[PDB]
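Asker: If you scroll down you'll find the structure; I have some questions about it.
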Amino acid sequence: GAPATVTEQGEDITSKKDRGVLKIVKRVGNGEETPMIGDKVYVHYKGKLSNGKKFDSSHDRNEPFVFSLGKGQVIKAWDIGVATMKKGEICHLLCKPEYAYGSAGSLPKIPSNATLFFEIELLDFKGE
Ligand SMILES: COc1ccc(OCCN2CC[C@H]3CCC[C@@H](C2=O)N3S(=O)(=O)c2ccc3[nH]c(=O)sc3c2)cc1OC
């Protein structure tokens with residue numbers, strides 16, 4: 001399935017090249033511009049654990065998830081991954097725990113040492 005495919009066929013987008021964050025572009029977005037640090041970014045996403053369980057979805061809430069890019073408001077994999085996206089892009093990200101919730105996990109849904117899969121759509125980005 002998609003998690004296996006990004007695990008085996010994804011591109012390492014980390015600066016360390018430690019394969020901690022792998023990406024596949026699923027839908028090519030618009031133009032060449034990616035967001036800049038501090039931009040307000042609007043995304044839709046769904047996340048799955050490596051046991052196949054969906055643990056979150058913005059679609060199911062009928063509202064996007066909004067954060068300021070590159071400020072540690074989200075897991076490291078998201079700051080790194082969303083920074084690579086164009087407006088309108090959909091990607092898959094495979095996130096090792098060192099770029100996610102680490103040994104701590106995140107109760108109630110994310111266990112210790114969890115590799116996470118996300119589908120992310122970059123809806124918009126704007127400077128404030
Ligand atoms: C700078 O370092 C950090 C900053 C913020 C962090 O977490 C708060 C931000 N945040 C939650 C929003 C959401 C979308 C954005 C990505 C991610 C997220 O970052 N989660 S998520 O889908 O993985 C997700 C969803 C439901 C859910 N239910 C649970 O019981 S656990 C859980 C996890 C953690 C950081 O380092 C550990």
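Residues are referred to by chain and number: the chain letter is A, B, ... according to the order shown in the structure tokens, the number counts from 1 in that chain, and ligands are numbered separately from 1 in the order shown.
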At a cut-off of 12 Å, using only C-alpha atoms, what residues contact range 33-46 of chain A? Leave out same-chain residues fewer than 5 positions from it and give the result as a PyMOL selection string.
Answerer: chain A and resi 53-74+78-93+116-128
Asker: Keeping only N, CA and C atoms, take the residues you just selected and write them out as a short mmCIF file (atom, residue, chain, number, x, y, z; two decimals), in the first residue's frame.
Answerer:
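Output file selection.cif is given in full below:
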data_model
loop_
_atom_site.label_atom_id
_atom_site.label_comp_id
_atom_site.auth_asym_id
_atom_site.auth_seq_id
_atom_site.Cartn_x
_atom_site.Cartn_y
_atom_site.Cartn_z
N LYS A 53 -3.61 1.82 11.55
CA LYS A 53 -4.67 2.65 12.14
C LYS A 53 -4.56 4.10 11.70
N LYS A 54 -5.66 4.68 11.22
CA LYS A 54 -5.74 6.12 11.02
C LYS A 54 -5.74 6.73 12.42
N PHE A 55 -4.89 7.71 12.67
CA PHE A 55 -4.91 8.39 13.95
C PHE A 55 -5.40 9.83 13.88
N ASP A 56 -5.50 10.41 12.69
CA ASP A 56 -5.98 11.79 12.60
C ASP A 56 -6.32 12.11 11.15
N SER A 57 -7.21 13.07 10.98
CA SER A 57 -7.59 13.57 9.67
C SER A 57 -8.23 14.94 9.82
N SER A 58 -7.72 15.93 9.09
CA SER A 58 -8.38 17.22 9.06
C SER A 58 -9.63 17.18 8.19
N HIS A 59 -9.65 16.34 7.16
CA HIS A 59 -10.83 16.24 6.32
C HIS A 59 -12.06 15.90 7.14
N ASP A 60 -11.89 15.00 8.10
CA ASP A 60 -12.99 14.57 8.93
C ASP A 60 -13.51 15.69 9.85
N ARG A 61 -12.72 16.74 10.05
CA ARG A 61 -13.11 17.91 10.83
C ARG A 61 -13.72 19.02 9.98
N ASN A 62 -13.67 18.89 8.66
CA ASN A 62 -14.18 19.93 7.76
C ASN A 62 -13.50 21.29 7.96
N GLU A 63 -12.22 21.27 8.31
CA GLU A 63 -11.45 22.51 8.38
C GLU A 63 -9.99 22.14 8.25
N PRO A 64 -9.20 23.02 7.64
CA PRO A 64 -7.79 22.76 7.47
C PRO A 64 -7.04 22.92 8.78
N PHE A 65 -5.83 22.38 8.80
CA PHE A 65 -4.90 22.59 9.88
C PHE A 65 -3.98 23.74 9.47
N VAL A 66 -3.78 24.67 10.39
CA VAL A 66 -3.08 25.91 10.11
C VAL A 66 -1.92 26.05 11.09
N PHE A 67 -0.74 26.36 10.59
CA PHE A 67 0.41 26.59 11.46
C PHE A 67 1.39 27.53 10.79
N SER A 68 2.34 28.05 11.56
CA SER A 68 3.39 28.89 11.00
C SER A 68 4.61 28.03 10.74
N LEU A 69 5.07 28.03 9.49
CA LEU A 69 6.11 27.13 9.03
C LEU A 69 7.47 27.42 9.65
N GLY A 70 8.17 26.36 10.02
CA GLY A 70 9.56 26.47 10.42
C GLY A 70 9.78 27.00 11.81
N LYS A 71 8.76 26.88 12.66
CA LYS A 71 8.78 27.41 14.00
C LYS A 71 8.63 26.32 15.07
N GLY A 72 8.68 25.04 14.71
CA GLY A 72 8.52 23.96 15.67
C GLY A 72 7.14 23.90 16.28
N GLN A 73 6.13 24.35 15.54
CA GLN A 73 4.74 24.22 15.97
C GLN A 73 4.18 22.86 15.62
N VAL A 74 4.94 22.10 14.85
CA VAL A 74 4.58 20.79 14.39
C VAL A 74 5.82 19.91 14.49
N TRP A 78 7.14 17.53 9.49
CA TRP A 78 6.21 18.45 8.85
C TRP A 78 6.87 19.78 8.50
N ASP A 79 7.66 20.33 9.41
CA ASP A 79 8.38 21.57 9.07
C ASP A 79 9.26 21.32 7.84
N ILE A 80 9.96 20.20 7.81
CA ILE A 80 10.83 19.89 6.68
C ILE A 80 9.99 19.61 5.43
N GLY A 81 8.98 18.76 5.56
CA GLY A 81 8.23 18.32 4.40
C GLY A 81 7.36 19.39 3.78
N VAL A 82 6.61 20.12 4.59
CA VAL A 82 5.75 21.15 4.04
C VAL A 82 6.58 22.25 3.36
N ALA A 83 7.78 22.51 3.87
CA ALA A 83 8.66 23.50 3.26
C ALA A 83 9.05 23.13 1.82
N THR A 84 8.94 21.85 1.44
CA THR A 84 9.26 21.44 0.09
C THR A 84 8.09 21.51 -0.87
N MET A 85 6.88 21.80 -0.40
CA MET A 85 5.66 21.68 -1.19
C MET A 85 5.30 22.96 -1.91
N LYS A 86 4.72 22.80 -3.10
CA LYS A 86 4.10 23.90 -3.83
C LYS A 86 2.61 23.99 -3.49
N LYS A 87 2.01 25.14 -3.74
CA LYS A 87 0.58 25.31 -3.53
C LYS A 87 -0.16 24.31 -4.41
N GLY A 88 -1.13 23.62 -3.83
CA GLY A 88 -1.91 22.62 -4.55
C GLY A 88 -1.28 21.24 -4.59
N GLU A 89 -0.06 21.09 -4.10
CA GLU A 89 0.60 19.79 -4.10
C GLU A 89 -0.04 18.88 -3.07
N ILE A 90 -0.08 17.59 -3.41
CA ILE A 90 -0.35 16.52 -2.45
C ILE A 90 0.89 15.63 -2.41
N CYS A 91 1.36 15.32 -1.21
CA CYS A 91 2.47 14.40 -1.05
C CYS A 91 2.17 13.37 0.00
N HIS A 92 3.00 12.33 -0.02
CA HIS A 92 3.09 11.35 1.05
C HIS A 92 4.42 11.52 1.76
N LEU A 93 4.39 11.49 3.09
CA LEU A 93 5.58 11.58 3.93
C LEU A 93 5.65 10.39 4.86
N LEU A 116 5.50 7.22 11.27
CA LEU A 116 4.22 7.73 10.87
C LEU A 116 4.15 7.94 9.36
N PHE A 117 2.96 7.73 8.81
CA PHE A 117 2.65 8.02 7.40
C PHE A 117 1.66 9.16 7.35
N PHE A 118 1.92 10.14 6.50
CA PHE A 118 0.96 11.20 6.24
C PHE A 118 0.72 11.38 4.76
N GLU A 119 -0.53 11.71 4.44
CA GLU A 119 -0.88 12.34 3.17
C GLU A 119 -1.15 13.80 3.52
N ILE A 120 -0.52 14.72 2.79
CA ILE A 120 -0.66 16.15 3.06
C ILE A 120 -0.94 16.88 1.76
N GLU A 121 -1.93 17.77 1.80
CA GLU A 121 -2.25 18.68 0.71
C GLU A 121 -1.97 20.10 1.18
N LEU A 122 -1.11 20.82 0.47
CA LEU A 122 -0.82 22.22 0.79
C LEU A 122 -1.87 23.07 0.09
N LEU A 123 -2.80 23.62 0.86
CA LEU A 123 -3.90 24.40 0.31
C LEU A 123 -3.48 25.80 -0.05
N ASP A 124 -2.72 26.43 0.83
CA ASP A 124 -2.35 27.83 0.65
C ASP A 124 -1.24 28.16 1.62
N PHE A 125 -0.51 29.23 1.32
CA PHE A 125 0.45 29.78 2.25
C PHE A 125 0.47 31.29 2.07
N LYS A 126 0.65 32.00 3.17
CA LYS A 126 0.71 33.45 3.09
C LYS A 126 1.62 34.00 4.17
N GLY A 127 2.34 35.06 3.84
CA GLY A 127 3.09 35.80 4.84
C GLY A 127 2.11 36.63 5.66
N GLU A 128 2.45 36.87 6.92
CA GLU A 128 1.62 37.70 7.79
C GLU A 128 2.19 39.11 7.91
#
Asker: Please identify the alpha helix (DSSP H) residues within chain A (assignment by DSSP from backbone atoms) and present them as a list in words.
Answerer: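 Put together, the selection reads residues 2, 3, 4, 5, 6, 7, 8, 9, 76, 77, 78, 79, 80, 81, 82 and 83 of chain A.
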Asker: Of the residues A:3, A:20, A:47, A:29, which is the one nearest to ligand 1, using only C-alpha atoms and all ligand atoms?
Answerer: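 Going through A:3, A:20, A:47, A:29 one by one, the smallest distance to ligand 1 is for A:47.
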Asker: With a cut-off of 6 Å, could you pull out the residues of range 14-90 of chain A touching range 98-109 of chain A and give me the nearest pair of atoms for each, distance in Å to one decimal, using only C-alpha atoms, ordered by chain and ascending number, as JSON lines?
Answerer:
{"residue": "A:75", "atom": "CA", "partner": "A:100", "partner_atom": "CA", "distance": 5.1}
{"residue": "A:76", "atom": "CA", "partner": "A:99", "partner_atom": "CA", "distance": 4.9}
{"residue": "A:77", "atom": "CA", "partner": "A:99", "partner_atom": "CA", "distance": 5.0}
Asker: Which is closest to residue 2 in chain A among A:48, A:110, A:97, A:16, if we use only C-alpha atoms?
Answerer: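 Among A:48, A:110, A:97, A:16, it is A:48 that comes nearest to residue 2 in chain A.
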Asker: Quick one: pull the distance between atom 31 (S, counted along the ligand's line) of ligand 1 and CA of residue 25 in chain A, Å, one decimal.
Answerer: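 Value for the atom 31 (S, counted along the ligand's line) of ligand 1-CA of residue 25 in chain A distance: 24.7 Å.
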Asker: What's the separation between CA of residue 1 in chain A and CA of residue 24 in chain A, in Å to one decimal place?
Answerer: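 Going from CA of residue 1 in chain A over to CA of residue 24 in chain A covers 13.2 Å.
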Asker: Quick one: pull the distance between atom 8 (C, counted along the ligand's line) of ligand 1 and CA of residue 21 in chain A, Å, one decimal.
Answerer: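 That distance, rounded to one decimal, is 17.3 Å.
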Asker: Looking only at the backbone, which of the residues in range 34-92 of chain A does DSSP tag as strand (DSSP E or B), as a list in words?
Answerer: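 The residues of range 34-92 of chain A classed as strand (DSSP E or B) are residues 40, 41, 42, 43, 44, 45, 46, 47, 48, 49, 54, 55, 56, 57, 65, 66, 67, 68, 90, 91 and 92 of chain A.
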